[PDB]
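Worth knowing before you read on, the calculation uses all heavy atoms, side chains too, and leaves out hydrogens, waters and symmetry mates. Each chain gets a letter, A, B and so on, in the order the sequences are listed, and its residues count up from 1. Atoms within a ligand are numbered from 1 in the order they appear, just like the ligands themselves.
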4 protein chains.
Amino acid sequence: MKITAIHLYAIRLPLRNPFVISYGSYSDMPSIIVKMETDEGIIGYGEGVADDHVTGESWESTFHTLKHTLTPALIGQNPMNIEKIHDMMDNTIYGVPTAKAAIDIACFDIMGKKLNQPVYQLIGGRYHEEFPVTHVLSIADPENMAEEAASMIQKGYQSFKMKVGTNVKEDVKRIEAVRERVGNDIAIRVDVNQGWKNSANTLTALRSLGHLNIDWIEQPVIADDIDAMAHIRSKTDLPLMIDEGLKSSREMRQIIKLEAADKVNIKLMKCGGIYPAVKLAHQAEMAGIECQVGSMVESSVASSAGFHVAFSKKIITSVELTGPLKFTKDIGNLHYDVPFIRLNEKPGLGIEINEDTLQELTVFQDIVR
Amino acid sequence: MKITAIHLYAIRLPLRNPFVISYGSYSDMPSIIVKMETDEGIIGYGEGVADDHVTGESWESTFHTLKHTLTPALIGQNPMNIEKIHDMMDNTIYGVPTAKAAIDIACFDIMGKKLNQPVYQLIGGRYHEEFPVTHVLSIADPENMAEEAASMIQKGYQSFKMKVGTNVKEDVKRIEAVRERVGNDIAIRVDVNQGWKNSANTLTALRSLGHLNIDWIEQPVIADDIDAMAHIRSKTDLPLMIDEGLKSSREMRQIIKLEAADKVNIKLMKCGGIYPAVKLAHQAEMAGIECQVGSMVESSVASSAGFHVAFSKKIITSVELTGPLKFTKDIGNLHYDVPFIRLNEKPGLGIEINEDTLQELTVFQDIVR
Amino acid sequence: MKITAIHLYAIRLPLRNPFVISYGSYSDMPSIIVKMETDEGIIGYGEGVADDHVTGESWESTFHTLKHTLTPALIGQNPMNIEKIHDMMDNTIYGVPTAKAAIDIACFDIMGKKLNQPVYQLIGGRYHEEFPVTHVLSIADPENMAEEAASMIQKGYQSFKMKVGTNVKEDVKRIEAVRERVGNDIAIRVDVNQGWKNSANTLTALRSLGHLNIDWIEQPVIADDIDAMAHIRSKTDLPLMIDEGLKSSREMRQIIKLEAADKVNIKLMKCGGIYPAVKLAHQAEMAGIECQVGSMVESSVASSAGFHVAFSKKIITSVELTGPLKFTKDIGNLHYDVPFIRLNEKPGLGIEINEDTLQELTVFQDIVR
Amino acid sequence: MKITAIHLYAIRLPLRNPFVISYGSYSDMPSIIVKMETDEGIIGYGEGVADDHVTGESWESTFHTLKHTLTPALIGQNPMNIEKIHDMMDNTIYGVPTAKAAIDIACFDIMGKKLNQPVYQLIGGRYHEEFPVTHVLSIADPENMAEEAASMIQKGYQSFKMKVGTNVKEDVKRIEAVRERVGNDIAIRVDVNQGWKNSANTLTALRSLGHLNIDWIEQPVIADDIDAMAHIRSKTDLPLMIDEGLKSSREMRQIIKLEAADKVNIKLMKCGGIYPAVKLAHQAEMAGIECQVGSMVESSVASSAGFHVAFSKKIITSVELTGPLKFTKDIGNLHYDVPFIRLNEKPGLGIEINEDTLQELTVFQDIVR
Ligand SMILES: NCCCC[C@H](NC(=O)CCC(=O)O)C(=O)O
Ligand SMILES: NCCCC[C@H](NC(=O)CCC(=O)O)C(=O)O
Ligand SMILES: NCCCC[C@H](NC(=O)CCC(=O)O)C(=O)O
Ligand SMILES: NCCCC[C@H](NC(=O)CCC(=O)O)C(=O)O
Ligand SMILES: [Mg+2]
Ligand SMILES: [Mg+2]
Ligand SMILES: [Mg+2]
Ligand SMILES: [Mg+2]
């Protein structure tokens, strides 16, 4: 099998409501779509949703990295040899996990369609039957966050992820409000997106959250400070998750060496795709670190890819890919059974791409041969 | 797909010459063969070559562990869901990597035959085109070891693994003899199989091997002493490999934490098969530890499985599976191109099993339904 | 003062001869030039030479990161407030040091021209009067490297940097050849550009270089492995320098914590410009780590900026910016007095930009207002 | 530019009320003023307020160190080359940060006046717009401290620094009294000035301060014991600041290595001036340690210099320079907008020196040419 052409689509996914977190507000979600063609007629779809604040990659930079740097060398290569494909991309350019992920996902889609098997059957098989879906609440005034939670509870949601990180006192008030409104039978996890910056602010914040039954605190400090995460962990009994601070095996090695976390948020966009994500899961398993497969808020394409990894591993105990539930328009048709997510048994990513929607959301594109 | 039956064959592979190492001498190699049948008619072959001195598993103990403990629960399960199969086996019984490997290998053979792809294409794809083959020299008097090396050099061999470990002074004489006979353009690695026992004896031995150009020293101390390996590594510049001291991710975690090795000998019989072997490779990669896929001296079945793992990973830089070259009779037909090993592109393990040879070597058997 | 417009020029600097190192060969050097205009008429020039293999930034990706992400927010900002400018860029996007450097350099050029002072007078003043210039020898056969060295010695060079990293045995032969040809009164430093990959290969290589009087060994292992650098340092007495393994203060923190290096190669393209480079120098000084200001092979623009940092700090004891000596065409006119480099006392970067040459080398451009 | 003469003035700044802390009581504040003249007519003012208990420098010792040791070598040197000036002073004499600071500040005043820019524009530019001003309460009976706080609250103060450190039980009573009187919307930080001496006394004290909402505890133990600070930090969740224990980069290195503090009080008088202070800020930033620029209670001269550093760095989040608010007479005219401090945009330190006041407060003086 040989790659004959790679279509690149710079699209923008419309959000029902702006997604607001500690480091930024998103009115919509720019994404790069990959359509990989082969000499055998088998097509594969990939996606790269870049988050400037996490990996230093942007919508436009990713489009061009793919067009001028990554894809040229890929023409003629076999999508089935994923280890080789990744070695070639890594030898060509360091980092750029989001760009590499777009390629990796398309290769797996092709592999599954070629072998007529779901992607999860190719990376360990099916392990999970379903996962609960967690609703992510954007930053807002305490009462506003509490009201949205109540509203989503009527929709069937039983697990929430609270976005905080602007001011410790205010963040504590936000969390108290939500917990008070939903009761103690609703799951709540808190994501600071680096907002508390250091261990002192974090430990002070944690002093007021012990009685609120928080499942875990995610990335309270600046990404680069793994040392601070380990220090906080030595002084609190609340589970800690690292997100922005974990991208590749480089950071996983440090997290393990320093005992810096109880959980890690593995994301295809941070490590380079399905293949690197599986390696990270295997590394975390060695150290008994629980894993979650999150996302940058992606379309059905990358979201499906993430689930295929999650459903194939026992060490992955939670998932956070809800882009399709946030967008008013999607190029794929990944189906959710809120409050649960299950995967069908169709080939590859197991979804269908609406060509009309794809072109409708495309701002600019190119084809590399 | 469902497993309908599992045939267990207790066989004995005949050796041209006894294989002699530090901890024992083998006149032949007892092995357990697995023939897995499915409701779809697809058959898979697995193999478990137990080494009592390494994993505490024996020929007979493995046969019975498979018959009474592992296989019963496997009937009805899907061989394609390898993560699930391993979780079930692990939940049933701790350890017994050789017994689990026999099952794991058969599952992959079935997966490849079902998808009409070589096993390596299912665990990362093809990365390597070939590997040099290293001839293992059994322990013997210095001149006798040097003569066999000269003899094998005429056969095309250009890489040798010297078995030593009975007495430091004598082991040094053995190594000096071989190097002196073959010249400095021949690769030589030394395997002590725990023979020097501790760091003091090892460091004393290493003082006399600096000018002999040894590629690496393998397992100089007792298996359980990872601390000693790290101590030796802090005081020598000769590459160190751990074998018996590494079985599962439990020891890999320690090796990484303590910086105890430059290389590790990963073996399907020590970790439970292809799936666990891949996880170990991923873990080693994180820490920059070079990997080799060795063996316990196995038939074409397990030897092929080992190569499928090796050929799919960049981190695996050497291989040591030469059972087929040591036996006067083999149940499989794995082909070697001494001094090289290449893999064909046939489905599954890519080999053919000679039913007549299998029954000829069988001492006792059973079928579990 | 306010930034009114930023011109972006995607150019390609022609090389007299291809520059060849362990990870790649360069026929020419693609660069992004920044021309910053202000409401006061003061113009500033910046430059971003991206090295895909070091920071995950490319020629095209950098052009677009600047055009769509970094520059828009900069319009209206005061170039004089460098701390603020960097905070804004960092809040906008993580990483992308090369893109940020192009902006930072232009700001300093404007600051110096506005205050009518050389850049070095604005970041500590002049400390050094001159620095010796080291000729970088691209990878080639031992005799070919030795001959080029002899040739450059006639040109006045008395210090050489040998590029190696393809094979330990061959690299040792290259180094032996050069030292043997130039004698022992010529300075030689060796740069492996990650070629030896790990500590085992590195320590083996170092065993044969003790009698060759090598000033220091630069980046022998893969960039991400700071642990390996510390391990090598614990077992050798040859000075060690980290290059690709050091980009931002994140890695400097690890290098200091782990005692991983004797020297570090600080580069504007790896940390984001003059301002971040000064911070890194201050951090290294605290731990007694010697610093060198290297480069990615840049035009007079970025090369001058690098020297301005070097000449202002006692902790910076060597420099490696020779792009202007390697290109057959340059947009700036930085003057070298081989075997020495001195800086004039003109405002800003102290050089003149040839508009005709700039346009001649431009492949594509844009202006952001 | 060349230094032509340096005037040294030994003055005494009158205090409205005696300043009382754990290690001493001050009826007034002896200070050394520096008036630096240049061949260009540009004059610069510097100041050295020695605290015998912190750096081992005294009013008289500093006057003489400047007159006989530091200034002679400075005559003829260029004030613009600060890195060089500091290297010369350091090569001449180790330590004496207060004496060196007096020189460093005058050089920066000249640099800013020469380039017609505020000092902050020369060391990173303006980052902050304003800082809240914290009123320092001298040690006194609990009720007396509580009353002064109430009184200053009417003056507009909303942040207080409580001086304690004579007896744990009594110090706790002092803190309880003040918090009870001002309510919970007033910021309070506690400075023990080494009064609790060790970790046992400190941890016992902290047991009773958890419910009083203290922003941070400053220097509870003896200066030289960084180990004790790290031990306390491992057993408390109250933010810890080091003051007397931090002088030069020597102690910063230890603080970072041992994770001994959440915050550090950087002072020009402890490190040698503006230039060394900036280096310390850069070092702290690497480790995520928050910085504050404090003072020894200085005139507008040194106080202004301190603010210029603070206003130029994001890592500096608080300031403590209130000498001008404590003295009944000042030689400079630094303006405060209680409860805030803002900096004008005038050249150099941006203040005016009253020659009449200077001579009025001078006890003895000299001129070095
Ligand atoms: N690129 C937009 C910001 C994504 C933030 C990121 N993702 C989410 O919070 C939502 C993930 C999901 O439910 O898909 C995170 O975990 O921080
Ligand atoms: N079970 C018999 C002893 C096997 C010893 C084991 N294997 C070998 O030495 C030979 C491996 C091979 O070439 O297949 C080892 O590496 O120590
Ligand atoms: N981007 C092209 C590769 C640059 C390699 C880089 N620079 C040099 O070797 C030459 C630096 C100089 O002399 O300017 C390094 O130190 O490794
Ligand atoms: N030299 C007299 C003692 C100064 C004590 C020193 N400074 C202060 O407490 C007041 C600082 C200020 O507000 O200027 C400290 O922080 O301990
Ligand atoms: Mg997150
Ligand atoms: Mg062995
Ligand atoms: Mg280099
Ligand atoms: Mg203090």
Numbered in order shown, the ligand 1 atoms found under 4.0 Å of a heavy atom of A/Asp191 are 15 (C), 16 (O), 17 (O)

Inset, instruction - Please check if the distance between the ring centroids of A/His53 and A/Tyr23 is under 6.0 Å. - result: yes

Q) Does the N or O separation between B/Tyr23 and ligand 2 drop below 3.5 Å for any pair? A) no

- Does any N or O atom in B/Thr134 lie less than 3.5 angstrom from one in ligand 2, N or O only? no

Checking heavy atoms under 4.0 Å, the part of A/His135 that sits near ligand 1 is neither

For B/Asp243, the salt bridge (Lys or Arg N to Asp or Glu O under 4.0 Å) test, sequence neighbours excluded, returns B/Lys267, B/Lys270

the protein heavy atom lying closest to atom 2 (C) of ligand 2 turns out to be B/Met296 O, 3.3 Å

The answer for which part of A/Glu244 has a heavy atom under 4.0 Å from ligand 1 is neither

Atoms of type N, O or S from the protein that sit nearer than 2.8 Å to the Mg ion (ligand 7) number exactly 3

Of A/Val136, A/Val192, A/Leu325, the one whose closest heavy atom lies nearest atom 10 (C) of ligand 1 is A/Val136

Against ligand 2, does B/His53 come closer than 4.0 Å with any heavy atom? no

Practice task
Could you tell me if any non-hydrogen atom of A/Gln219 lies under 4.0 Å from any atom of ligand 1?
Solution key: no

Quick look: A/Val54 vs ligand 1, heavy-atom contacts under 4.0 Å, and the answer is neither

side-chain hydrogen bond (donor to acceptor under 3.5 Å, both in side chains) filter on B/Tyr336, not counting sequence neighbours, yields none

Any heavy atom of A/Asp51 under 4.0 Å from ligand 1? The part involved is side chain

For A/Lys163, the ligand 1 atoms with a heavy-atom partner under 4.0 Å come out as 5 (C), 8 (C), 9 (O), 15 (C), 16 (O), 17 (O)

Honestly, for A/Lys161 the part within reach of ligand 1 (heavy atoms, under 4.0 Å) is side chain

Applying side-chain contact (heavy atoms from CB on, under 4.5 Å) to C/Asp52 and not counting sequence neighbours gives A/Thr69, A/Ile93, C/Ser58

When distances are taken from atom 11 (C) of ligand 2, the protein heavy atom at minimum range is B/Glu320 O, 3.5 Å

Closest to atom 13 (O) of ligand 2 among protein heavy atoms sits B/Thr322 OG1, 2.7 Å

